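Encoded as structure tokens, the structure appears first; notes follow it.
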Amino acid sequence: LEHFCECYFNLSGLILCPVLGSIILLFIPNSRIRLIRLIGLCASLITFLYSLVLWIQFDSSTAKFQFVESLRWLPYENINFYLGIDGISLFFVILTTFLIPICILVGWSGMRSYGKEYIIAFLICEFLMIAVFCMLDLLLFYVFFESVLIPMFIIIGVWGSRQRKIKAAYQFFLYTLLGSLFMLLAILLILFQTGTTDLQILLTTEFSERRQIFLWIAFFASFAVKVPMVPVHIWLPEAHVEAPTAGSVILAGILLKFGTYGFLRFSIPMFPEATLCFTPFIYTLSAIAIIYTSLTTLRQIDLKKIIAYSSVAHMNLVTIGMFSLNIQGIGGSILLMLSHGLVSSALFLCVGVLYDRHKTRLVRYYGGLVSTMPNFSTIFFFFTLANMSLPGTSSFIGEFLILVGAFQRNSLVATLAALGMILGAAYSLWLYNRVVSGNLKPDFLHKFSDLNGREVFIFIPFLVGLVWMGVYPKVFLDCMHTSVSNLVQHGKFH
Amino acid sequence: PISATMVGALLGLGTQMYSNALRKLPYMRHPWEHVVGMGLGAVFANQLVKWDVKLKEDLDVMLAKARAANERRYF
Amino acid sequence: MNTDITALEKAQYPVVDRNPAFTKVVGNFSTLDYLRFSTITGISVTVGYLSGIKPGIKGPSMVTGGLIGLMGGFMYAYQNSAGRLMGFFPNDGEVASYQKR
Amino acid sequence: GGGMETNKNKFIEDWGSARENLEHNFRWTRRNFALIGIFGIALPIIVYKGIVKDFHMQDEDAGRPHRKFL
Amino acid sequence: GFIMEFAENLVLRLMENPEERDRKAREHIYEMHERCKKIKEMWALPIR
Amino acid sequence: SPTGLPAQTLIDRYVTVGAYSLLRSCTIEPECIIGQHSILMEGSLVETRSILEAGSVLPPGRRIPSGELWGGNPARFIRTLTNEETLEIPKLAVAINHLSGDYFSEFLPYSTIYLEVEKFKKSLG
Amino acid sequence: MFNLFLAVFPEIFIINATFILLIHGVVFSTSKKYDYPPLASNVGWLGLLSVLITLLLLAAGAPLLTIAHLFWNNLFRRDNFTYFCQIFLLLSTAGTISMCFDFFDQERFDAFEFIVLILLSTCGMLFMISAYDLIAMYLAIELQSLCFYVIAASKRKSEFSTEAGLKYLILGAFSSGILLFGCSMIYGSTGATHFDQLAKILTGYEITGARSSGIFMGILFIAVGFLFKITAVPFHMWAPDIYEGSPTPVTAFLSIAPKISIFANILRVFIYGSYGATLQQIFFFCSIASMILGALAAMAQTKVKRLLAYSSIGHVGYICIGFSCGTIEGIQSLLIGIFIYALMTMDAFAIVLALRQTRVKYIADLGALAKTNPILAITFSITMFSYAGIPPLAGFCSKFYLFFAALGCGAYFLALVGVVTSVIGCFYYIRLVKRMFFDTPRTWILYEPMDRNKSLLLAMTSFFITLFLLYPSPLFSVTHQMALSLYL
Ligand SMILES: CCCCCCCCCCCCCCCCCC(=O)O[C@@H](COC(=O)CCCCCCCCCCCCCCC)COP(=O)(O)OCC[N+](C)(C)C
Ligand SMILES: CCCCCCCCCCCCCCCCCCCC(=O)O[C@H](COC(=O)CCCCCCCCCCCCCC)COP(=O)(O)OCCN
Ligand SMILES: CCCCCCCCCCCCCCCCCCCC(=O)O[C@H](COC(=O)CCCCCCCCCCCCCC)COP(=O)(O)OCCN
Ligand SMILES: CCCCCCCCCCCCCCCCCCCC(=O)O[C@H](COC(=O)CCCCCCCCCCCCCC)COP(=O)(O)OCCN
């Protein structure tokens, strides 16, 4: 059945944009550095504007999928694949399209040595990740998620700073592939019942409570590695620290969101009974992760290691929210996913600004930077506040909505999750004051430069987005409520 | 639109360029070879499409015979 | 020696001659058969010449390639002509010539 | 004198690299057994039993049987 | 003329027809619930 | 060579040999810059990530230690290089290769001089 | 009478052309006048031509190959399955030959007899595919094997090549004797060697209590010979040593064509015959053993050739899982896995042969390849990721069917083993990518650019590997067709 959509701007062209950029860049000599830089930047910016348009034509009243279009693999038409979005996936497409040009801009100064391979890898990542977020089929979700492993592996291994990138890349690839294989096993078990992998159909089939338990575990084994949940979180610090700055931005801001997106998109609505049965288990794992990882964060001595550990606590709060299974919980989980994608990316950008000049991640070398880099200090303080969920910032909305959702289900889990307010403040303020406050240490660092124009411009949209979601989250929540409501209700008829 | 001829011509041109690159030669070292490659790729792609149609046609009859042989069991 | 030409898969075109004689098959060669024959032989001679230059035997290499091409091209033309007479290949010309003589 | 790069201190780098390679130091000692038994098994089990009881106490407050889990 | 009235009209022209979008959605399911039987018959074909 | 080591001239990777330079049976380790109008004599050795100033003279069997800037006639230690400077050396080599690409693209595989030779011959019978 | 031989036109042509090339080579290689020219490349080009003409004759005469089937019945059996098997075998032989010319001229391997032996082994494998009797099968297998023994020892002054040949001949002869013993037991128990007669006798009884121990052990011994041939564990250890010690073009040829021919044989013997669950269990246990041992041993390797050998052992384990589950989809998946593994192996050995011009030996010799030849490092990386089975590369098909067969048949231990071994394989495949892209060695090896033949072959196989799953319908249809034609 051809499900071709009426809209002019659709999903397939947004898929095709970075692909065309990559093919063009394949054939341009490395001597033409300016041309390569401009072509990559412009392709990414056009993709971002295309996604913004897709946001305008979005219809915030339906529980259905939108812009649905189809994609036909065999003339037999037994296997035909669909793309479409809703109010849970729209902003993730937008976030991906927004972050990719930021990645191209962060490496602007070093592009003469980076080459076209850097831009091509990031464009391919963009294409694959947008595809992943736009897929109405378990099997293609699988295929497009595993595909990102190759360019991410290359990005970490080639442009990482030091030789620990070897181990970091190995661990990233192997952990993620193990999880992916588990979810492939789940996909095949589903296919044996249903004869299909189309998401819309699986949302309308009934699974046995028993078959649901096994399928839920097999989904959990991928998703908990992706989130990450303890104790399969240890790949994340190594990988997110050893990666280049833009690589860390993509890893934390987008790739981490894929596990929570998988929970929201397949596990909760397809197996509601198993979702109910496992809820105490998820609550326990997430609460343990928040407390233990926050306390580990407190004792880290590397800038990137502190920012990377912080992401584990934030994502497990997201899981608590989404498994609360109400409007506050799921809405807050999605809002915190987007806000984290902005805030952690900005924090990695701040650390990258420091590392590009001074080539150290050890906190002890820095100090007193407020007197030589006041602009960087102010921006760093703002994003530090955002990482503490300060009211007025975007992260507070999601954090408090998730606590609201959890409290209505289980007051103990909400109480353990609200401890994050105390621990995250502690490590965020300690980091900021050890880096920026105090006196300079001229025996380690004596030469300084505040942000140039490119760095200031890079930070501006992050600031605008954080404040915008913090003060008026209605623009986002209005487009999401129908989808969130239908997700919450799926499986029940009262 | 996107015809087999165009896909095949693009693949043949890409093949010549990829071959040149692998040999550390300029992309357009022997351009008449690029023309030859576009022609061969177009021909190959069109023949693959026709072959695919013929293959489905033969598989249909063969599955029909398999089904008849299986249905003979319940007689 | 007992013989049986009967094939496993039956002919899908009218059978002009079930087991045509060798000379009948050769005399049945059409223009397309000769084109196939000549093309295969010419390509083979060309390959013989080009591959023979480096060893210095381009002439004898041409002869060897030409022998291979002659045998292969004749076998291919015979295959086509016999298959047409037997009804295994489209044989409009054979049927037309048969319905008249 | 020359450069924005930090002037490395050997002891600070030794401290950092020792932090990065802690897994080579793990010995299954008595203290480590106790710490993994208490914080890696017992406390998560206690938290899980707390969360479940919370739901069961809600269940009996609503005049409903205990919800089965896991 | 006015910016916003033009913008109103332009945005509505961009958007899916909600009626048609919700109707192909029904054809996919009705066709897929009753179409899910054909392929599983081939997987049960005896190899011998 | 006077040092007894083998006397081939080895210019390793990412090495920039400045214009008007004279090299005889010297070794240049990877990622070095030789200044313009320099002289490197028999058996001399330039260790990796080192820079010689323009007009330097390195006598037979002399060595330029790694990570250092040298210069003079004869060459003498000037200062130790920073890590940023040593990072710049392969960049200079790559940039010069990029420039050489433009010259490489001006020449087809064959010249047309043989035609001129042909007509010059024909005008002579 | 003459028209009866239309069923063997392809084979007649290739044999006659091989004789012509033998005479040409021996006459002019001994010529003082021509100063004893090397003829390996000249004969190689003429033999590539001969292979392509054979392919034309076979492909264009599809119905004619079945002519006079009653007259030829006690000698061979040609059908749809043998048709496509033989086409794929000829295509593989043509590619392998095309990859040999730089080796001929730069090493100066002047022996044209190498090409003749390859062509005669191709004749043997052609007859293997159409064999329909134990006697014919054994004879064709032996012809193929003797040709390999000779070419494995072609570097006759090399310690490695002579060692390879000696190990191959001894272990090959032993396994062939075991298989022949099995054939003798089956004949003695049934009075038959033709596959049709064996099918009629053995069907409907399998092990009905009063089982012919003669029939049961004949099957077992024949299976042991077959498993030796496909390098299945525990009959595998010849393969890594022979693969490493033989000349690299020999290693490339052995890695592909014999597998095609012997799986044709295995399908038509076992699948078409009847002892049953015992033999599928044989291939089950050997598949699991091959996957585990291939993964671990490949992880141990520091040299490229040995790594590829152990990789092929693991992949034949993956393929034999399809034979084990005994369904039309199992056979189809086995065929798809052979096709895709063959094209990936051709790609990998084209790269290896290109790098052998600078004597690549160790994985570490690939260091800085992403700098000295970026497009070559990317191409080799695509091959590795395809070997690892990362989607949407072509290699993902074998992993997908491995888990598809386990989940359905109820085999959870097989799925477990597949997950573990797939992760191990991915590690040792991406180790190569790390070596080419992430490492910064002090000494680099600069490689000479490859010839046109290998660049073109690499370019086409690299597009196939990246783009196959955009248009996989022809392979899917052709392999379903073949699986069905085994019984109808
Ligand atoms: C999304 C897939 C799943 C994930 C897998 C990803 C696998 C790749 C990993 C991604 C990370 C980054 C990869 C970087 C590669 C990009 C750089 C690159 O390959 O550039 C090549 C370009 O390589 C190629 O040649 C690619 C050719 C493939 C052709 C495919 C296109 C087919 C149709 C195009 C038609 C022709 C062009 C049309 C417009 C003119 C340049 O090669 P060099 O070795 O640097 O120099 C070549 C020599 N010379 C320039 C002088 C010619
Ligand atoms: C219609 C566009 C495409 C037509 C292509 C030609 C017609 C098709 C015939 C088959 C062509 C196949 C490709 C031929 C070249 C194959 C590779 C040969 C390269 C080689 O190594 O040998 C060279 C022989 O040159 C050669 O083999 C080439 C010899 C002369 C052919 C070039 C003329 C092509 C005409 C294109 C259009 C002309 C318009 C007017 C009709 C010697 O190389 P070298 O020493 O000579 O120099 C090379 C400077 N790197
Ligand atoms: C309700 C149970 C749920 C499942 C939990 C796991 C299974 C239960 C626990 C198994 C305990 C096995 C027996 C341990 C006690 C015997 C001690 C003997 C002496 C000893 O120290 O032996 C060590 C053996 O350690 C070992 O073999 C290590 C023991 C295994 C530890 C299991 C840890 C589980 C995961 C922890 C939590 C992770 C998630 C937290 C959020 C090696 O001594 P050595 O001499 O080599 O020492 C280095 C010296 N140079
Ligand atoms: C399916 C995925 C997508 C695929 C894309 C399909 C597109 C079609 C391909 C288009 C090709 C583009 C280039 C065409 C122009 C080049 C013409 C070749 C020139 C030529 O005569 O080459 C000779 C060598 O032969 C050669 O180099 C030819 C042999 C190359 C090997 C390939 C054929 C081998 C046999 C079949 C293999 C099948 C394997 C599969 C199992 C002489 O070259 P030179 O003059 O430079 O001198 C080399 C030094 N001796």
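Coordinate-derived values only; no laboratory data. Every residue, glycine among them, receives a Cβ derived from its backbone with ideal geometry; neighbour counts consider all protein chains shown.
Brief remarks on what is shown
- Net charge, G:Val269 excluded, C-beta distance under 14 Å - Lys, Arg +1, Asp, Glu -1: +1
- Taking each DSSP H run with n ≥ 4 as -39500 (n - 2.57) and averaging over every residue of chain B yields -29000 deg cm²/dmol at 222 nm.
- Each Cα pair under 8 Å and six or more residues apart adds its separation to the average, and for chain B the resulting relative contact order is 36 percent.
- For chain G, excluding the exposed loop sites themselves (trypsin sites (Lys or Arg not before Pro), DSSP loop, at most 16 other Cβ atoms within 10 Å), the longest remaining stretch covers G:212-358.
- Percentage relative contact order, chain G, counting C-alpha pairs under 8 Å, at least six apart: 14
- Under the simplified labelling scheme, the G:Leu488-G:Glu107 pair shows an inter-label distance of 4.9 nm, with each label point 7 Å from Cα along Cα→Cβ.
- Cα convex hull of segment G:110-162, projected area averaged across orientations, nm²: 3.8
- Reachable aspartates and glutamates, given that their alpha-carbon falls under 14 Å from the alpha-carbon of A:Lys304 and they are not under 8 places away in the same chain: A:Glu238, A:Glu242, A:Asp356, D:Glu20
- Computed across the protein assembly as shown, the Kirkwood hydrodynamic radius from all distinct Cα-Cα pairs reaches 35.6 Å.
- Between G:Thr358 and G:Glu159, the contour length at 0.36 nm per residue exceeds the alpha carbon distance by 69.6 nm.
- For chain A, averaging the sequence separation of C-alpha pairs within contact (under 8 Å, six or more residues apart) and dividing by the residue count gives a relative contact order of 15 percent.
- Principal-axis tilt of helix A:138-147 within chain A, Cα atoms, nearest 10 degrees: 20
- Evaluated over segment G:235-347, the Cα radius of gyration and Dmax, each in Å: 14.2, 43
- Relative to the current alpha-carbon distance between F:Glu84 and F:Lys121, full extension at 0.36 nm per residue lengthens the span by 7.4 nm.
- Ranked by how many other Cβ atoms sit within 10 Å of their own Cβ, fewest first, the residues C:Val95, A:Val148 fall in the order C:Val95, A:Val148.
- Label zone (G:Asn74, point 7 Å along Cα-to-C-beta; backbone nitrogen cut-off 19 Å) within segment G:129-145: G:131-140.
- Qualifying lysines (Cα of each under 28 Å from Cα of G:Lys167; at least 8 residues distant if same chain): G:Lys155, G:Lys157, G:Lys229, G:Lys259, G:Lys303, G:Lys305, G:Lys361
- FRET efficiency estimate (nearest 0.05) - Cβ-Cβ, A:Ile24 to D:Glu13, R0 45 angstrom: 0.55
- Per residue convex hull volume, Cα atoms of segment C:7-101, in Å³: 103
- Computed on segment G:178-244, the Cα convex hull volume stands at 97 Å³ per residue.
- Neighbour-count ranking [beta-carbon atoms within 10 angstrom, fewest first] of G:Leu58, F:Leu108, A:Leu203: F:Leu108, A:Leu203, G:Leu58
- Net +/- balance of residues flanking A:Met135 in space, Cβ distance below 13 Å, scoring K and R +1, D and E -1: -4
- Put in order of Cβ neighbour count within 10 Å, fewest first, the listed residues G:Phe216, C:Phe22 become C:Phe22, G:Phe216.
- Taking every DSSP helix (H) stretch of at least 4 residues in chain G, weighting each as -39,500 (n - 2.57) and dividing the sum by the residue count yields a mean residue ellipticity at 222 nm of -24000 deg cm²/dmol.
- P(r) tail, chain A: Cα-Cα pairs separated by more than 43 Å, 11% of all pairs.
- Two-site FRET efficiency, F:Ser100 against G:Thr302, from Cβ-Cβ distance with R₀ of 51 Å, rounded to 0.05: 0.85
- Label-to-label distance, nm, for residues given as B:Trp32 and F:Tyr20 (7 Å Cα→Cβ offset): 4.8
- Over chain E: Rg over Rh, Cα atoms, Kirkwood Rh: 1.50
- Here, segment D:6-46 yields an orientationally averaged convex hull projection of 4.4 nm² when only Cα atoms define the hull.
- Separation of the alpha carbons by more than 19 angstrom is noted, of A:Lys492/E:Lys24; B:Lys65/C:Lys10; B:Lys65/E:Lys38, for A:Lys492/E:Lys24.
- Partner chain coverage, peptide A:152-161 - average Cβ within 10 angstrom: 3
- The alpha-carbon positions of chain G define a convex hull whose volume is 146 Å³ per residue.
- Computed from the Kirkwood radius of its Cα pairs, the Stokes-Einstein diffusion coefficient for segment G:391-488 at 10 °C and 1.306 mPa s stands at 92 µm²/s.
- Integer Hz, Karplus 6.51/-1.76/1.60 couplings in order for segment C:59-66, x for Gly and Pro: x, x, 5, 4, 5, 5, x, x
- For A:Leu251, net neighbour charge (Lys/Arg +1, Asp/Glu -1) across residues whose Cβ lies under 15 Å away: +2
- Pairs from A:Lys167/G:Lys454; F:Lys91/G:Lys371; A:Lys305/D:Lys53; D:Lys68/E:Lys37 whose Cα-Cα separation, in the structure shown, is over 25 Å: A:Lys167/G:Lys454; A:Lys305/D:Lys53; D:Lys68/E:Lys37
- Helix-derived mean residue ellipticity, 222 nm - over chain A, DSSP H n ≥ 4, -39500 (n - 2.57), to 500: -23000 deg cm²/dmol
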